[PDB]
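Residue numbers (PDB author numbering): 1 to 86.
All C-beta atoms, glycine included, are put in the ideal place defined by N, C-alpha and C.
All remarks here apply to the structure that follows.
And the structure:
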């Protein structure tokens with residue numbers, strides 16, 4: 001399934017337009033969950049709200065298996081490809 005994941009990770013780089021914030025966070029959180037696994041970093045501080053939003057989204061997936069993370073990521077990329085086009 002890693003092959004399909006790596007392909008989706010490449011195609012998502014070609015979306016024709018900027019997706020919604022929640023779609024972006026879904027892609028980010030599942031990408032990290034699928035590559036690193038459970039969140040293992042310190043939450044950003046100060047005024048880095050962009051970083052805080054991403055950290056929190058990944059944190060919410062704690063406990064999700066890499067296999068499930070990859071599947072959800074791939075399905076989301078397919079969803080975005082159709083919605084915004086590649």
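Report the residue from the options whose alpha carbon sits nearest the alpha carbon of residue i.
i: residue 22; options: 9, 53, 2; result: 53
i: residue 28; options: 51, 45, 1; result: 51
i: residue 34; options: 6, 49, 79, 45; result: 6
i: residue 68; options: 31, 41, 59; result: 31
So residue i and residue j are supposed to be a Cβ contact under 8 Å. How far apart are they, rounded?
i: residue 26; j: residue 76; result: 5 Å
i: residue 84; j: residue 17; result: 5 Å
i: residue 46; j: residue 1; result: Not confirmed; about 38 Å, so no contact.
i: residue 86; j: residue 10; result: About 10 Å; that fails the 8 Å criterion.
Give the secondary structure of residue i by DSSP, where H, G and I count as helix, E and B as strand, and everything else as coil.
i: residue 46; result: coil
i: residue 41; result: coil
i: residue 65; result: coil
i: residue 34; result: helix
i: residue 20; result: coil
i: residue 86; result: coil
i: residue 25; result: helix
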